[PDB]
Structures are given as C-alpha cells and as structure tokens.
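Novice:
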Ligand SMILES: CCCCCCCCCCCCCCCCCC(=O)OC[C@H](COP(=O)(O)OCCN)OC(=O)CCCCCCCCCCCCCCCCC
Ligand SMILES: CCCCCCCCCCCCCCCCCC(=O)OC[C@H](COP(=O)(O)OCCN)OC(=O)CCCCCCCCCCCCCCCCC
Ligand SMILES: CCCCCCCCCCCCCCCCCC(=O)OC[C@H](COP(=O)(O)OCCN)OC(=O)CCCCCCCCCCCCCCCCC
Ligand SMILES: CCCCCCCCCCCCCCCCCC(=O)OC[C@H](COP(=O)(O)OCCN)OC(=O)CCCCCCCCCCCCCCCCC
Ligand SMILES: CCCCCCCCCCCCCCCCCCCC
Ligand SMILES: CCCCCCCCCCCCCCCCCCCC
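Residue numbers (my numbering), protein chains in the order written: chain A, 27 to 126; chain B, 121 to 624; chain C, 24 to 78; chain D, 10 to 489.
Laid out in structure tokens, this is it:
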C-alpha cells in the first residue's frame with residue numbers, strides 16, 4: 027500500500043541532502059557526516075527496492091553497504107585525527123598543496 | 121629472397137656498430153661502411169640480374185622478385201616484400217646515399233659514435249623497407265619506424281651551435297608532423313581493409329588483393345585523402361612543408377643525417393604505388409587540386425628559398441619547389457611525365473646530396489651559415505666554390521645534368537595533359553634560376569662581408585672531394601645518358617599508368 | 024612579405040590552440056577537495072540530464 | 010546455490026589470496042619481520058598464478074549467483090596478480106627506507122589484489138560493489154601509508170573522500186537499477202523490457218549514477234580531477250598499483266557488465282560514453298602538455314589511455330573484437346605503466362622520510378642510470394603509441410575497432426590526442442638524455458630493476474611480434 031516511488035523519492039532526498047552537506051561544508055568532520063548520510067540513503071534505497079520485490083537481496087545489499095559505511099567511517103576518522111594532530115586545523119581548504 | 125637481407129643488413133650492421141664501439145672508438149665507422157657497401161652491392165646485383173630493360177609491362181601486380189612470410193596471421197598481416205624497377209631504383213639510390221652518409225660522418229669520432237651509426241643504419245633500413253613492403257601494415261610500420269632514430273639524431277646529435285631547445289623543438293615538430301600524418305594513413309588503411317572484408321569476407325592487408333576493392337566514390341575519395349595527407353607531409357606539399365627546413369637546419373652538422381633521413385623522397389614513390397593504383401577514380405578527381413598544390417609549392421618554395429639568409433634553409437626550400445614539380449608529374453596520366461618524375465627524384469637526390477655535403481664542409485670551415493657574414497669565398501677556397509657552383513647550376517635545371525632531363529620530361533608530358541599548369545611551372549623554372557644565382561652571388565662572389573671570410577681556409581680532404589666528384593659524375597652521366605634508368609623504370613611506370621588510365 | 028613563413032605559421036596555430044586549451048583546462052586542477060566533489064556532482068547532473076534528454 | 014568441489018577449484022586464486030592474507034597477518038602477529046612477510050605475500054600471489062593454470066584446466070562456470078569464471082576472468086586475474094607482484098617488488102626497497110611498521114603494506118596489497126580478483130570474476134551487482142570496495146579501502150591505506158608526509162596525507166584524504174562519494178553514487182545507482190529490474194545479476198538488467206522500451210528512465214538513471222562511480226574509478230572526464238594529486242602524493246609503488254591493477258580490474262568488470270546486460274546496447278548510454286571517451290582523450294592529453302612532474306603527467310596519461318579503452322568499450326555491442334582489443338591494450342598498458350612507475354619507484358627508493366623531498370628529477374638520468382633511462386624511454390615510446398612497441402599494437406587495435414564500428418568522432422579524437430601525447434612523451438624521453446648539473450647494493454632493488462627491464466623487453470618484443478599476445482587473448486573469451 028506504500029508506493030515504491032515514495033520510498034525511492036525519500037532515499038533520493040536524503041542522498042541529495044548528504045551530497046549538499048558534503049559540498050558546502052569546509053570542516054572535514056562535516057564532510058564525513060555528509061558521506062555517512064549519502065551511504066545511508068543509498069542503503070535505504072536498496073532496502074526499499076528489496077521490500078518492493080519481496081526479496082532478501084535488498085537487506086543483503088544493506089548489510090554490505092553498512093559494512094562499507096563502518097569501515098570507511100573508521101578510515102576517514104583516522105585520517106581526520108591524523109590531520110588534526112599534524113596541523114591543529116580541520117579546514118579542508120588548507121590541505122590543498124598539490125595543484126595543476 | 122634477397123629483399124629480407126636488403127632490409128636486415130642495415131639493422132644487423134647498426135647493431136654491430138653499436139656493439140663494436142668497445143673494440144675501439146674509430147671502429148664502428150668501418151662496420152657502417154662495410155654494411156652500407158654490402159647493401160649497395162646487393163642492390164646492384166639485383167639490378168644486374170633482374171633484367172629490367174627487357175621486361176615488358178604486364179599489369180599490376182608484376183614483381184621482379186618477391187618474398188612472403190606470415191607475421192600477424194590474425195589480421196592477414198605478413199612480411200611481404202616485392203621489387204620491380206621503380207623500387208629497385210629507389211633502393212639503389214638509398215644505398216648510394218647511405219654510403220655517402222657513412223663517408224660524410226668520417227673523422228667525427230666522439231663518445232657514443234656507435235649509437236650514432238646504429239641510428240643512421242636503422243633510418244636507412246627503414247627507408248629500404250618502405251620501398252620494398254607491398255602490404256599495408258608493413259609499409260606503415262616502416263613508414264613510422266624511421267622517425268624515432270631521426271628524432272634522436274636531430275635532438276641529441278644535432279646542430280651544436282644551436283640553443284639546444286631549438287633542436288628539440290625542430291625534432292618534435294618533425295616527429296609530430298610525420299607521425300600524425302602516418303596515423304591518418306593508418307585510418308585510411310584500416311577502412312580500406314574493412315571495406316574489402318565486408319565486400320569479400322577474408323582479412324587481408326596485401327596490396328595485390330586490396331586492388332579492385334568495390335567502394336563508392338565518397339569512400340574512395342576519403343581513403344585517397346588520408347593516403348595523400350600522409351604522403352603530402354613527407355613529399356613535402358605546402359602548407360605541410362614547415363617541418364622540413366627546421367629539420368634540415370637543426371640536423372647534425374656533418375650533413376650525413378640529411379642524406380640518410382631527410383633527403384630521399386619515399387612519398388612520391390608512395391603516391392605512385394599506393395595512391396594511383398588503389399584509388400584511381402579518386403586520384404583522377406583529385407588531380408586538379410594536387411596539381412595546383414604543386415604549382416603553389418614550386419613558386420612558394422622558390423620565393424622562400426630566395427628570402428633565406430641561411431644556406432641550409434635555402435636548399436630545403438629548393439627541395440620543396442622540386443617536389444612541387446614531381447607532384448604535378450604524378451597526377452597526370454603520362455608515361456613520359458612519370459619517367460620524368462623518376463629521373464627528377466633521382467637527380468634531386470644526387471644534387472641535394474651534393475649541396476648539403478658542400479654546405480656542411482663550408483660550415484665546418486667558416487663556422488657560420490649566415491650568407492650576410494660570408495662573401496668572396498671563390499678567392500679564399502680551393503675546391504668548394506666551384507663544386508657549389510656546379511651543384512647550384514644542376515639544381516637550376518641545367519642541361520647536361522639529370523635535373524634538366526627529369527624536369528623537362530615532366531613538362532613535356534604535363535603539357536600534353538595540362539598546358540596551363542605547365543606554362544606556370546616553366547616560369548617556376550625561371551624562379552629556380554633566380555634563387556640559385558642569388559645563393560651563388562651571396563655566398564661566393566663579391567667582397568668579404570666579415571673577418572672570417574677574409575682568410576685562407578683549408579682545402580677539402582681527399583675523401584670529401586672524391587665523394588663530391590662521384591656525385592658530379594653521376595649527375596653528368598644522368599644528364600647525358602639517362603637511358604638505363606628509363607629502361608629500368610619503364611615497365612613499372614607503364615604498369616602504374618595503364619592501371620591509372622584504364623580504370624577511369 | 025614571405026621571409027617569415029606564413030604557411031608554416033598557419034599550420035603552427037593548432038599547437039597554439041592546444042597550449043591555450045591545456046592552460047585553460049589546468050585551472051580545474053586547483054587542489055581543492057570541495058571543488059573535486061562539486062565537479063563530480065556536476066558531472067553526475069550532466070550525465071543524468073543527457074540520459075534523460077536522449078531517452 | 011551450493012558450492013560443489015569443482016566450484017571450489019574455480020575459486021582457487023581467490024582462496025589462495027585470502028589464505029595468504031590470513032597467513033601473512035598471523036605471521037605479523039608472530040613477529041614483525043619485513044623479509045618473511047614480503048616473501049609470504051609474493052609466494053601467495055605466485056601460487057595464485059599457478060592456481061590460475063589449475064582453473065584453466067577446469068571449466069568455465071558460474072560459481073555463485075555472484076561469480077562467473079571463464080577465460081575473461083582468468084586473463085584479468087592474471088593481469089591483477091602481475092600488477093600486485095610488481096607492486097610488492099617495487100615496495101620492498103621503498104619500505105626498507107621506511108621507519109614505522111612495513112608489513113601492513115603487504116597485507117593491504119593482498120586485500121586489494123583479492124578485490125581485483127573478485128572484480129575479474131564478478132557477475133553480479135553485489136560482487137561488483139564488494140570488489141570495488143575491496144580495491145578501494147586498502148588503497149586508502151596505501152596512498153596514505155607515509156601519512157607523516159604532507160603530500161601522502163593530502164592524497165589519502167582526497168582519495169578517501171572522493172571514493173566514498175563515488176561509492177555512494179554507485180550504490181544509489183545500483184539501488185535504482187534493482188528498483189527497476191527485480192534481479193541484481195548482470196544478465197537481467199533490462200531483461201524485463203521489449204518493443205523498444207529498453208530505455209526505461211529509472212534504469213538509465215541507475216546506470217548513470219553507476220557510470221559516475223565507475224568513471225571516478227577509471228579517471229574519466231569529468232570525474233578525473235583527483236588523479237594527478239593522488240598519483241603525485243601516493244608512494245611510488247602505491248602509484249604503480251593504483252595506475253595498473255585498480256584501473257584494469259574496474260575496466261574489466263565494466264566490460265563484462267556492458268557485455269552481459271541487455272541494456273548494454275542502449276543508444277543513450279552509448280552516446281554518453283562516447284562523450285566521456287572524447288572528453289577523456291582530449292582533456293588528458295591537453296592537461297599533460299605542460300607538466301614537469303612525472304607522476305602528474307602519468308595521471309593525465311592514465312586519463313587519456315582509459316579514454317582509448319572506453320572507445321574500445323563503446324564498440325562492444327556492435328563489433329566482435331572489442332574484447333580482444335581491450336585485452337591486448339590492457340596487456341600493453343599494464344607493462345608500459347609498470348615500467349614507467351617502476352623507474353619512478355626505483356629512483357625514489359629507499360624512502361627518504363617525511364621531511365626530505367621526493368621529486369623524480371628525470372633530467373640527465375642516462376649519465377648515472379643508463380638502463381633505467383632506456384627502460385623509461387621505451388615506456389615513453391610505448392605510451393605514445395609508437396610502432397615497435399606494444400602500446401602501438403593496442404592503439405592499432407583501438408583504431409581498427411573504432412573504424413569497424415564507424416565511430417569517426419572517436420577515431421579523430423584518438424588521432425589528435427595521440428599527437429598531443431607525442432609532444433609530451435617525447436619531451437620526457439628526450440629530457441632523459443640531456444645534461445643535468447647536479448642531483449641500491451641489495452638484490453631486492455635488483456629485482457625491481459629486473460622487473461622494469463623485463464617489462465621493457467616484453468613491450469619491444471611484442472611490439473615487433475604481437476601474434477603470441479593476440480593468440481593468448483583470443484582464447485581467453487567469456488561465456489557468450
Ligand atoms: C585541436 C584543434 C585542431 C585539431 C582538430 C581539427 C579538426 C580535425 C578533423 C578534420 C577533418 C574533419 C572530417 C573530414 C571528413 C568528413 C567526411 C564526410 O563529411 O563524409 C561525408 C561523405 C561520406 O561519403 P558518402 O557520401 O557516404 O559516400 C557514399 C556516396 N558518395 O563524404 C563524401 O561524400 C566525400 C567528401 C569529400 C570532401 C570532404 C573531405 C574534406 C577533407 C579536408 C582536408 C583535405 C583537403 C584537400 C587536401 C588539402 C591538402 C592535403
Ligand atoms: C608471452 C606473451 C605475453 C604474455 C602476457 C600475459 C599477461 C597475462 C597473464 C595471465 C594470462 C592468463 C590467460 C589464460 C587464458 C586461458 C583461457 C582458457 O580457456 O584456457 C583454458 C586452457 C586449457 O585448455 P582447455 O582444454 O580449453 O580447458 C578447458 C578444459 N575443461 O588453460 C590455459 O590456457 C591455462 C593458462 C594458464 C596461465 C598461467 C600463467 C602463469 C603466469 C605467467 C607469468 C609470466 C611472467 C609475466 C610477467 C613478467 C614480469 C613482469
Ligand atoms: C584528423 C584525422 C582523422 C579524421 C577523423 C577520422 C576520419 C573520419 C571519416 C568520416 C567518414 C564519414 C562517413 C559517412 C557515412 C557513414 C555511413 C555510410 O553509409 O558509410 C558508407 C560505408 C558503409 O556503408 P556500406 O553500405 O557498408 O558500404 C560499403 C562500401 N563503402 O562506409 C564504408 O564503407 C567505410 C567508410 C570509410 C570512411 C573514410 C575513413 C578513412 C578516413 C581517411 C582520413 C580522414 C579523411 C581525410 C582527411 C581529413 C583531414 C584530416
Ligand atoms: C592542410 C590541412 C589539411 C591537412 C592536415 C594534416 C594534419 C596532420 C599533419 C599536420 C600537423 C600539424 C601540427 C602542428 C604543430 C606541430 C608541433 C609543434 O609545433 O610543436 C612545437 C611546440 C613546442 O615548441 P615551443 O612552442 O617553442 O614550446 C612551447 C612549450 N614550451 O609544441 C607546442 O607548442 C605544443 C604542441 C602540442 C602538440 C602538437 C599539436 C597537436 C594538434 C593536433 C594535431 C592534429 C591536427 C589535425 C589537423 C588540424 C588542422 C590542420
Ligand atoms: C628500439 C628501442 C628505442 C628505445 C630505446 C632507446 C635507448 C637505447 C639504449 C640507450 C642508448 C643511449 C645513447 C645516448 C647517446 C647520447 C649522446 C649525447 C652526446 C652526443
Ligand atoms: C580539441 C580537439 C578536437 C578534436 C576533434 C576531432 C574531430 C575529427 C573529425 C571527426 C569527423 C566525424 C564525421 C562523422 C560523419 C558521420 C556521417 C554519418 C552519415 C550517416
């Protein structure tokens with residue numbers, strides 16, 4: 027009784043909001059937060075699609091998605107801590123040394 | 121069976137020149153001399169045993185000798201060599217110029233001399249492979265293979281008085297011109313092979329089988345344009361000529377590198393063998409454009425040659441105008457104009473070789489190429505100004521030299537085909553006399569315009585003088601008795617002409 | 024009038040255009056990660072819009 | 010489906026690389042020994058190559074709903090394993106200069122090779138996504154392995170952020186595709202369509218977002234801006250792996266996805282990929298024109314060469330030998346990139362610490378490293394598509410495939426980009442032999458030198474005589 031279009035539109039809205047947060051925020055922590063919003067939105071879209079078809083593959087894709095989300099959040103926060111302890115500054119525009 | 125050895129003896133000789141540098145610093149020149157002499161001797165033996173004067177025209181294909189061996193059987197690509205009269209004349213000419221290039225690099229004994237001789241031999245073997253290959257991929261492979269040793273000779277062994285970045289710029293311009301034109305030719309080759317594959321069903325790159333491929337007029341015109349662009353870069357045809365005087369000016373200052381790589385004209389042979397037979401209708405439709413490009417090349421090259429203050433650039437633009445004459449000859453349908461084109465190619469090779477060797481000797485005597493810094497050199501040198509007078513007279517189109525024979529047979533046949541273009545081209549001969557006399561007046565006659573010209577200079581060695589006199593004798597004999605060359609190229613030229621005019 | 028080769032120059036002008044286009048394209052490599060994310064999102068918009076237009 | 014013992018035979022390189030990961034990790038847990046753990050890693054990868062021989066002695070079959078093993082998968086597994094072995098060999102002297110722990114490097118290289126093997130056999134959207142992530146996360150570690158250096162930390166942060174964003178794009182596209190088509194296997198993407206309804210808007214949008222993720226991974230325009238910064242900032246063996254193995258594996262799974270999907274022969278996707286290939290060729294060559302840094306130059310070179318590969322992919326659903334062209338080009342590109350990045354790695358090894366400079370300074374390399382200069386100029390000629398090199402054979406295959414499919418815009422793009430490449434590759438190769446004013450002794454450095462020399466010899470020999478490589482690639486065909 028819940029349309030597939032509505033669930034996919036909700037997932038698309040969350041994905042777009044996470045991408046906007048990734049773009050407009052200069053702090054690296056908020057960039058990681060936007061990345062987490064984007065990957066959670068894509069996982070929600072997989073769950074919506076799997077629930078529409080009555081298949082378990084959507085939740086399996088969700089499980090792989092959140093495995094990726096956990097591991098890359100760990101890596102990104104480790105790199106954030108390294109940047110903080112090497113520069114005392116989380117500005118992502120300051121770490122821009124290599125240029126064309 | 122001797123054609124693979126005609127290609128392989130330069131490569132093995134270059135490898136042995138590189139390797140035998142450890143045995144002595146003045147060793148690899150003898151190895152290069154021996155291998156170029158072996159290549160010339162094998163070419164002359166193929167000439168003597170071929171019986172080209174008694175051969176009658178029987179239609180394409182008609183090879184005096186042939187060799188085939190599968191190379192990439194997936195695409196139907198094979199090492200497929202063949203020789204007839206035109207290819208034989210070109211192979212003898214490049215063997216002779218290779219011997220002259222080895223002798224011109226004598227008494228230049230530095231470190232990594234063996235690699236210089238390796239690059240020279242690989243250029244010569246690539247030129248021979250261009251003249252011998254009769255399948256499309258092997259022809260393209262030899263066409264592009266010469267450019268790497270040529271690039272490194274210009275960039276690393278080039279004109280030592282330059283900035284160093286000018287040599288790299290000239291070599292890069294040459295390489296980009298020739299390799300991009302080659303890639304356009306490769307696209308045309310691949311499209312022709314695919315048209316044949318769709319028409320018949322079998323992969324082939326063989327030139328004999330790719331003849332009479334049924335295709336529409338537009339597709340044939342496009343394939344002809346790709347082939348013509350590749351040949352027009354190396355002919356040179358204006359405006360694609362600009363690499364040539366920069367490559368000549370920044371070449372290694374012995375002058376041997378010019379004779380080895382820049383002086384010979386594989387593009388006129390390429391037009392004759394792969395443009396008229398493969399696309400006869402397209403060449404027939406393209407003929408007015410090509411002939412007007414030849415006229416523009418004649419006059420533009422003469423005007424550019426007059427305006428130079430450097431001798432090497434003057435000789436380069438002289439080459440541009442002569443190749444304009446040859447390009448006019450090719451797109452007519454005359455056996456007489458084709459024979460004149462063959463004689464003019466050989467005569468241009470001999471006369472440009474003499475001019476470039478004499479310019480190198482003059483530069484190593486006076487340490488400048490600016491004609492504003494030299495003058496009155498007839499009274500200061502022993503042999504060089506008189507031989508330079510002879511070779512400027514030869515490039516002028518003087519009867520008694522083979523340049524006259526080639527140019528006037530071109531003009532006779534072209535007047536039988538296209539009279540207006542012939543009239544304009546003979547006025548181009550007047551302009552040729554103008555620039556030859558301008559060079560002679562600025563360089564050797566008058567008062568000395570600098571302190572370096574107001575001194576007695578050492579005479580030429582016996583080796584340089586004897587090879588220049590050999591070129592003089594060859595040009596005079598070609599002017600007075602050109603009949604053996606005509607009888608050699610007659611059957612192949614007749615085959616090309618009868619294929620070109622009977623299919624239109 | 025011809026002493027500096029005009030045909031050589033009008034064949035040299037593709038090299039001038041290539042150098043100018045390369046210098047212009049190198050302005051996108053400014054080293055800013057937010058611009059790299061923004062360019063990825065711009066490319067996503069362009070690809071999706073092209074696919075919707077072409078259908 | 011269940012896993013029969015024959016299916017276990019077909020998973021042999023994957024099993025051997027996973028077992029090597031476990032064994033190397035337990036050896037690190039025993040004692041931190043650089044030589045033993047590097048040796049165990051390279052032994053595991055060589056055992057995976059011999060297991061590829063054993064897989065070839067078996068059949069070609071679908072080992073899971075997820076994996077399909079065939080000659081295609083075997084060829085890409087071999088390419089990934091060769092790239093990983095070369096990366097470990099180049100890494101040992103560089104890590105010998107390193108000061109911190111230097112065995113987690115080999116663990117991460119093994120896990121990235123495992124992801125490359127999974128992408129080589131990937132027949133499913135789940136296996137594609139998992140293989141991309143198994144490639145990506147160890148590369149997050151490897152690019153910032155020398156994180157005390159500013160450039161490596163910068164490249165690590167850029168690569169991590171952008172690859173997480175691209176994985177989000179790819180996953181959202183996969184979710185939209187799964188919303189349209191009820192199956193996640195490659196052969197069922199667009200299967201439930203007909204009568205000219207192949208261009209379903211949701212399916213095209215999902216493939217567009219997947220194209221965004223994969224084109225980030227392949228450095229295709231306009232998802233290419235990360236490439237020179239990450240290539241310059243990463244350690245040089247990491248740059249070798251990132252240039253060869255990641256690109257080869259991801260392009261192989263893209264090739265199989267476009268071969269098997271019924272939406273692969275879509276006009277809209279073909280036109281979009283043609284635009285991306287044109288822009289990639291022209292932009293990579295134009296941006297590499299004025300580069301004095303060799304690693305940035307090779308990054309832009311990778312952009313243009315992946316553009317040529319994409320041109321070969323566009324003609325896949327029309328012609329036949331596009332797979333053969335991709336195989337030959339990928340072999341040549343692998344060997345050329347291994348030689349070039351290995352020369353860059355050998356002259357930058359041992360590691361000089363985070364404080365010292367790491368510029369290559371290739372001018373006048375011949376007068377103190379003549380063999381490496383010869384290898385580097387052979388590789389520069391090969392990346393330029395010069396005849397007598399295998400790079401020309403790949404370029405000839407790309408041109409023939411484009412001419413057969415009447416892709417005239419892409420053919421002209423290849424010609425123009427090749428001319429621009431001629432300029433900058435020749436600039437590097439001739440700067441190798443000039444004169445520079447100013448500015449080892451172990452068998453692992455010699456092993457790296459032997460690797461770059463064998464790559465140069467393979468490039469020259471297979472450029473002169475390319476029939477064995479063509480014959481090898483032609484018998485490595487997937488299930489039709
Ligand atoms: C970085 C910036 C700078 C670098 C990039 C610059 C641009 C590079 C690209 C330039 C070339 C563009 C494409 C030229 C080919 C166009 C092909 C074409 O229009 O084909 C249409 C048609 C095909 O044939 P079709 O009609 O199908 O045949 C069946 C029945 N006739 O064709 C025909 O019917 C025949 C058409 C013949 C005339 C068109 C070809 C013109 C070629 C121009 C160059 C040569 C000019 C003459 C020679 C000058 C000296 C070399
Ligand atoms: C010399 C030319 C250039 C070579 C470059 C190679 C680059 C890629 C390397 C890996 C390529 C693997 C390609 C394998 C394709 C096999 C396709 C196939 O169907 O093979 C089947 C065949 C057995 O035949 P069949 O009877 O058909 O089997 C079915 C029976 N149920 O079974 C086979 O064919 C088995 C194949 C086994 C391959 C083992 C490879 C071991 C590793 C060799 C590395 C050499 C060094 C290279 C690096 C040098 C240094 C950088
Ligand atoms: C910058 C350099 C590179 C320039 C870009 C690359 C070349 C562009 C060529 C454009 C060609 C346009 C063709 C337009 C029609 C296409 C559709 C068609 O009907 O093609 C005709 C034909 C296939 O139709 P079919 O019924 O099978 O006929 C077989 C017999 N021809 O088609 C065929 O049979 C094959 C057609 C081949 C077309 C020519 C390919 C060779 C190109 C030569 C060099 C480029 C053109 C000249 C130089 C321009 C300036 C650089
Ligand atoms: C007559 C029309 C019909 C026939 C057309 C035939 C086309 C193929 C044959 C002609 C090709 C012409 C190429 C002209 C440029 C040659 C390269 C050159 O001049 O390089 C030298 C120059 C470096 O020297 P410099 O300027 O001092 O240094 C600046 C950097 N520090 O280098 C540079 O400045 C940068 C060089 C960049 C790379 C070279 C340019 C490539 C451009 C595309 C090539 C294909 C063109 C296709 C046709 C276009 C229209 C004619
Ligand atoms: C066919 C292979 C082409 C690419 C390899 C080129 C390198 C070959 C081996 C090295 C030779 C270098 C010679 C350098 C001579 C420099 C002389 C400078 C002063 C004149
Ligand atoms: C900045 C670099 C730009 C490079 C552009 C290269 C363009 C090459 C020429 C392409 C010509 C394509 C012609 C296609 C004609 C198709 C006609 C089909 C009729 C059915």
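All C-beta atoms, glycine included, are put in the ideal place defined by N, C-alpha and C.
Can you tell me which of the three DSSP states residue 399 of chain B falls into?
Specialist: Note: residue 399 of chain B maps to coil in three-state DSSP.
Novice: If we require 4 or more residues per run, which alpha helix (DSSP H) segments fall completely within the region 314-400 of chain B?
Specialist: Within the region 314-400 of chain B, the complete alpha helix (DSSP H) runs of at least 4 residues are 327-330, 337-354, 363-369 and 386-394.
Novice: Of all residues in the structure, which have a C-beta closer than 6 Å to any heavy atom of ligand 3, taken in chain order?
Specialist: That query returns the following residues: B:304, B:307, B:308, B:311, B:315, B:318, B:335, B:336, B:339, B:342, B:343, B:345, B:346, B:349, D:415, D:417, D:420, D:421 and D:424.
Novice: Check distances from the C-beta atoms of the region 228-252 of chain D to those of chain A and list, in chain order, the residues that come in under 8 Å.
Specialist: Within the region 228-252 of chain D, the qualifying residues are 237, 238, 241 and 242.
Novice: Compile a chain-ordered list of the residues in the region 420-431 of chain D whose CB is closer than 7 Å to at least one CB of chain B.
Specialist: Of all residues in the region 420-431 of chain D, 420, 424, 427, 428 and 431 have a Cβ within less than 7 Å of some Cβ in chain B.
Novice: Quick one: does the C-beta of residue 413 of chain D sit closer than 7 Å to a heavy atom of ligand 2?
Specialist: Every heavy atom of ligand 2 is 7 Å or more from the Cβ of residue 413 of chain D, so no.
Novice: Closest to residue 29 of chain D by C-alpha separation, out of D:116, D:19 and D:87, would be which residue?
Specialist: Ranking D:116, D:19 and D:87 by Cα distance to residue 29 of chain D puts D:116 first.
Novice: Can you tell me where the alpha helix (DSSP H) with residue 286 of chain D in it begins and where it stops?
Specialist: 276-296 is the extent of the alpha helix (DSSP H) around residue 286 of chain D.
Novice: Return the residue from the list B:299, B:330 and B:434 that minimises the CA-CA distance to residue 475 of chain B.
Specialist: Minimum Cα distance to residue 475 of chain B is reached at B:434.
Novice: Is the shortest distance between the beta-carbon of residue 77 of chain C and the beta-carbons of chain D less than 8 Å?
Specialist: Residue 77 of chain C counts as touching chain D.
Novice: Drop a sphere of 10 angstroms on the beta-carbon of residue 601 of chain B, count the other beta-carbons inside from all chains shown, and report buried for 16 or more, exposed for fewer.
Specialist: So residue 601 of chain B counts as exposed.
Novice: Please list the partners that residue 90 of chain D has in chain B, where partner means a Cβ-to-Cβ separation under 8 Å.
Specialist: Neighbours of residue 90 of chain D on chain B: none; closest Cβ ~26 Å, over 8 Å.
Novice: Can you give me, in chain order, the residues of the region 244-265 of chain B that have a beta carbon less than 7 Å from any beta carbon in chain D?
Specialist: Of all residues in the region 244-265 of chain B, 261, 264 and 265 have a Cβ within less than 7 Å of some Cβ in chain D.
Novice: So, for residue 212 of chain B: in the same chain, excluding its five sequence neighbours on each side, which residues have a beta-carbon less than 8 Å away from its beta-carbon?
Specialist: Cβ within range, chain order: 160, 163, 164 and 167.
Novice: Consider the Cβ of residue 53 of chain C: report whether some Cβ of chain A lies at a distance smaller than 8 Å.
Specialist: Yes, because at least one Cβ of chain A sits closer than 8 Å to the Cβ of residue 53 of chain C.
Novice: Please report how far the alpha carbon of residue 114 of chain D lies from the alpha carbon of residue 156 of chain D, in whole angstroms.
Specialist: Going from the Cα of residue 114 of chain D to the Cα of residue 156 of chain D covers about 13 Å.
Novice: For the region 450-480 of chain D, list the alpha helix (DSSP H) runs that are entirely contained and at least 4 residues long, ordered along the chain.
Specialist: With a minimum length of 4 residues, the continuous alpha helix (DSSP H) runs that stay inside the region 450-480 of chain D are 452-473.
Novice: Counting only Cβ pairs nearer than 7 Å, list the residues of chain A close to residue 142 of chain D.
Specialist: Ordered by position in chain A, the residues that pass the 7 Å Cβ test against residue 142 of chain D are 94.
Novice: What does residue 25 of chain C reach in chain B if we use C-beta pairs closer than 7 Å?
Specialist: Result: 423, 424 and 427.
Novice: Taking 8 Å as the CB-CB limit, is residue 359 of chain B close to chain D?
Specialist: By this cut-off, residue 359 of chain B is not an interface position.
Novice: Contact defined as beta carbons within less than 8 Å: I believe residue 92 of chain D pairs with residue 347 of chain D. What is the distance between those atoms, to the nearest angstrom?
Specialist: Residue 92 of chain D to residue 347 of chain D, Cβ: 7 Å. Contact.
Novice: Would residue 461 of chain B pass as a contact of residue 449 of chain B if the rule is Cβ separation under 8 Å?
Specialist: Their beta carbons are under 8 Å apart, which means residue 461 of chain B touches residue 449 of chain B by this criterion.
Novice: Is the region 62-79 of chain A close to the region 36-46 of chain A, with three or more CB pairs under 8 Å?
Specialist: In short, these stretches touch, since the Cβ pair count reaches three.
Novice: For residue 493 of chain D, which residues in chain A fall below 7 Å Cβ to Cβ?
Specialist: With chain D represented from 10 up to 489, any question about residue 493 of chain D goes unanswered, as that position is not in the structure.
Novice: Return the residues of the region 461-478 of chain D that lie within a Cβ-Cβ distance of less than 7 Å from chain B, sorted by chain order.
Specialist: The region 461-478 of chain D vs chain B, Cβ under 7 Å: 475 and 476.
Novice: Are residue 330 of chain D and residue 410 of chain D touching if we call contact CB-CB under 8 Å?
Specialist: Closer than 8 Å, so yes.
Novice: Is residue 352 of chain D near ligand 2, in the sense that its beta carbon is under 7 Å from a heavy atom of that ligand?
Specialist: Residue 352 of chain D Cβ: outside cutoff for every heavy atom of ligand 2.
Novice: Name the residues in the region 429-456 of chain B whose C-beta lies less than 7 Å from a C-beta of chain C; which are they?
Specialist: If the cut-off is 7 Å between Cβ atoms, the region 429-456 of chain B has nothing near chain C.
Novice: Along chain C, which residues have their Cβ under 9 Å away from the Cβ of residue 118 of chain A?
Specialist: Chain C residues near residue 118 of chain A: 55, 56 and 57.
Novice: Could you give the DSSP three-state label for residue 197 of chain B: helix, strand or coil?
Specialist: If DSSP states are grouped into helix, strand and coil, residue 197 of chain B belongs with the strands.
Novice: Where does the unbroken alpha helix (DSSP H) through residue 235 of chain D begin, and where does it stop?
Specialist: That residue, residue 235 of chain D, is in no alpha helix (DSSP H); it is neither H nor E in DSSP.
Novice: What does residue 430 of chain B pair with, by DSSP beta-bridge criteria?
Specialist: In DSSP, residue 430 of chain B forms a bridge with B:490.
Novice: Does any heavy atom of ligand 6 sit closer than 7 Å to the C-beta of residue 259 of chain D?
Specialist: No, since every heavy atom of ligand 6 falls outside the 7 Å radius drawn around the Cβ of residue 259 of chain D.
Novice: If the cut is a Cβ gap below 8 Å, which residues of chain D does residue 60 of chain C touch?
Specialist: Simply 170, 171 and 174.
Novice: Considering only C-alpha positions, which residue in the set A:76, A:97, A:80 and A:96 is nearest to residue 87 of chain A?
Specialist: That would be A:76, whose Cα lies nearest to the Cα of residue 87 of chain A.
Novice: Are there 16 or more other CB atoms within 10 angstroms of the CB of residue 599 of chain B, so buried, or fewer, so exposed?
Specialist: Buried.
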